[PDB]
Structures are given as C-alpha cells and as structure tokens.
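Below, in structure tokens: the form deposited in one PDB entry, a single chain.
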C-alpha cells in the first residue's frame, strides 16, 4: 500500500454519526473522487464516505490498534466487503475512510421491515426473494474472504451494512457499540465472544476456521429470515448456549438447534442445518452457499 495520506481538505463534513472513547465517526462528502479512489462508482454527485477520526491525544495502544485495523482492511477489495478508501496517518488526528452504506447495519434495517403478505394484499415491507438476495450477497462476500484464507470470526447481521438497492457489505465494528452488548459473552478481561453465532468447536476449543464462519453464516441467515426480531437462542442463557456446544461434542442427541423461522421453506432450513453440521468438513463451502442462494433468489 502506498504511504500517501488521503487529503483531509477533500473531506467536507456533513454529520457526526457517532462518538466514542477514543474519537468520533463522521459522514463526509468527496467531490469528483475519481482522482483519489478506484471504485465501481454508484449513481455527478459527491461520494459519501464514513470517517473514523482517532482522538488527537490517543494512547500509543489505541494508535497501534488503529494501524493494525488499517492493515487488515487494506487487503479487502470486493463488492460485498466494506472498502478502505484511504487514511490520514502522517499527522494527527489519525483518520480512516470507508465507503458509506446509507441504511446502516443489516440488523436495524430488517428490524424496521416486515415480510410482505401475499394473502393480505403500514410500515416498509421486504419480499422473500429480496431476503434471499441479501443472504446471497453475504455468502458472496464470505466466499471472497475464504479465498484470502481470511476468517472473519464475528459474522452476524449487526456486522453487515446496507446501501442503496439492498447492496450488502460485510464489516466488523468490534465492541464499539453498546447496542449489541447482549450478543457477546466475556471470557477473559476485555475479550468477549459472540457465542450464539459460534460453532461448538469455537466455544469449547477456540478453533476459528472458515468452516466456523459457515456456522456463523447459518445463524446469520437464520437472523435474516427472522427479520432480526429475536436473538439466537434468546430464551437460553449464555451458560446454556455454552452447555449446548458441549452437547454437540458429546453427540448423544441432546444438542439443540435454532428452530425453522416462520415462513422459512424447508429447503432453506435444511441449508442452515448443513451449516451446523457437527463435523466442520461436512459444512458447505461459501461458494456452494452463494450458488444455492443466488439461484434460489431468482427462482422465488
């Protein structure tokens, strides 16, 4: 990656999207960005971008994590993955710049919609083929990550972003959001794990693989067909979810699965169940999941 800062002077401030312990997040406009970034430009208006601004008196520890995040993000270039557009690091304050997804994270997007009813034909609605199109984009992005030997480790709707025309980009917001605190279980010090999205081997042995990403995709797809109305295993405690992973290990018929979402076709629930195969090698690859869902989306 070239060591050339994005020009701060090309970031017109529009709105503060969030504030946190070590800085703020701003929404900005960049006029005629073709000379600065290379993109599949969305439809002569300025390009919206998100900017995380590290606080100017950030600790060395915070700066180090900031730099490492830039490094991880710099290698990700795919239509269904969030894109690092640039950074400002040669002076304070440290800035990183991504593309902007106007509809926010996928959990809040689907929480505001209802499934369209064909035997009842007044908030916004979404069709079942469109839910399949969303899931197919997620699988497409995860497929790309798999080709990089990149294990996401925290796939869930809360880490998927929604742009125009239902475009989905996978992201990772860490633990910078109090909204989803209930989705994480504290194991050691400040480290937390999203156990309800994690495969049994992740919970019991800490084995995070592409195959465990497939397990998380099954839960994420479950969220999408639930329109994010309920936490996975919502009426079970964290300890009980951890027990459930031990029953996948025990393998004597006591493990439990997420139920088939209302109106979810049996074939799609069967796809989820293969993602939750006890043996990681029996879980479908993301290329198969993408192919299944992309065809199912067009044949529905």
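By rigid core we mean the largest C-alpha set that fits within 1.5 Å across both forms. Positions refer to the first chain, counted from 1.
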Next item on the list: Please establish whether a third or more of the other compared PDB entries omit coordinates for residue 249.
Entry: no
Notebook entry, point to check: Is residue 38 left out in a third or more of the other entries?
Noted result: yes
Check: Should the segment between residue 43 and residue 44 be described as having none, 1 to 3, 4 to 9, or 10 or more unmodelled residues of the deposited sequence?
Finding: 4 to 9
Item checked: Count class of deposited residues lacking coordinates, residue 121 to residue 122 -> 4 to 9
Check: Comparing 33 to 41 with 61 to 69, where is the mean C-alpha B-factor higher?
Finding: 33 to 41
Next item on the list: Take the C-alpha B-factors listed in the entry for 14 to 22 and for 272 to 280, compute each mean, and give the stretch with the larger one.
Entry: 14 to 22
Check: Looking at 178, 209, 220, 111, which has the highest Cα B-factor in the entry?
Finding: 178
Check: Of the options 137, 107, 98, 127, which has the highest CA B factor as deposited?
Finding: 127
Next item on the list: Relative to the other modelled residues of the same chain, rank the CA B-factor of residue 183 and answer lowest, middle or highest third.
Entry: middle
Margin query: Considering every modelled residue of the chain and its Cα B-factor in the PDB entry, is residue 93 in the lowest, middle or highest third?
Written below: highest
Margin query: Among the modelled residues of this chain, does the Cα B factor of residue 149 put it in the lowest, middle or highest third?
Written below: middle
Notebook entry, point to check: Where does residue 234 sit by CA temperature factor within its chain: lowest, middle or highest third?
Noted result: middle
Checklist line | Third of chain Cα B-factors occupied by residue 157 | finding: lowest
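Note that the form deposited in another entry isn't included here; everything after this is about it.
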Item checked: Of the candidates 259, 240, 34, 266, the only Cα that travels 2 Å or more between the shown form and the other one, given a rigid-core fit -> 34
